[PDB]
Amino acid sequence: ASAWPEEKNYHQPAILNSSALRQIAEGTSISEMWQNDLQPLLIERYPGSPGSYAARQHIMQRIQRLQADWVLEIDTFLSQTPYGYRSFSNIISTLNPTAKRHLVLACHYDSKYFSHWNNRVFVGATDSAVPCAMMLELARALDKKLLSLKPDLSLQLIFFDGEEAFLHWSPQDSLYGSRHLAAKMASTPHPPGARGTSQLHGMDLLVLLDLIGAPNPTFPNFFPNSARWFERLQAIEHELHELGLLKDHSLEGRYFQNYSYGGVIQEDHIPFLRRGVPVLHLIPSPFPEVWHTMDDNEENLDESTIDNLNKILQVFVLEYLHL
């Protein structure tokens, strides 16, 4: 009876030295992400809408153009909603599908449904078009390093559909894509042929990005079983800062601060956390002031903060994967 699902408990990062940190800082481009990955997603994209299809095609196309061996799968399902039965499609992008373990980065790509108001349209820029673009930029920036994976451990990106409630939050009306996918992964043997382990046992850590893009975010350390990885984000932030690799940044105004958070936040990690998956939830507390308003738009995004977080995230991922 292999103990491989316990490996994640002892897994340590392979820390990057100063020269490598400068390389990562120089290898990501916030302006290229902005134009090529983010702007195409700043459209109305609630589930089942024409924009939802356009956002999915954009995400799939940007991944497909990369050199690394990404395997794309669309998880399409039906769910009851306040508006009746509807179809949803989660996007899963995986390197080394048969590898036993994967570090997983995730966000939701749907935008909350609102009828147009005074000619304004809700596009959910921080919620979560920026997180989606950050994941696409990370795949692009780290492409040459990721190509080398072609520790039986690799990387998977998940873009959930239907995270938002169609009305206001309720247990049945929200998290459509993550409740579906967590249940599906929980009942899928992994690796192929396994007798008693599932895809969820293979998820080392689920790093969920949500509501990112506003100024001065503060991310609390929510869970004790991922606290040591939260500490790594703090250390990476501190060292990139000391190396002069972050922009418009101070340690007093650091993003990853020492402090827990006892409450529960309804978000896509919930169905995974309730099935025993370790989660590192990168959602700020408090939420962006523009949360769920028409002002959650491009103009209110903080470019340097997103750039700094791209650098921190990319370093975290390379160190976790020993790349």
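Residues carry their position along the shown sequence, with the first being 1.
According to the PDB entry, the deposited sequence runs on from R120 to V121 with no residue lacking coordinates between them. When the mean C-alpha temperature factors of 140-148 and 103-111 are read from the deposited coordinates, 140-148 comes out higher. When 65-73 is weighed against 252-260, 252-260 comes out higher, by mean CA B-factor as recorded in the entry. Of the candidates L243, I236, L209, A214, the one whose C-alpha carries the top B factor in the deposited record is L243. The maximum CA B-factor among the listed residues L280, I265, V290, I283, taken from the PDB record, is found at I265. In the deposited entry, the Cα temperature factor of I312 places it in the lowest third of its chain's modelled residues. In the PDB entry, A25 places in the highest third of its chain by CA B-factor.
Residue-level temperature factors show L167 in the highest third of its chain, judged at the C-alpha atom. Sort the modelled residues of the chain by CA B factor and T98 lands in the highest third. The PDB entry assigns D296 a C-alpha temperature factor belonging to the lowest third of its chain's modelled residues.
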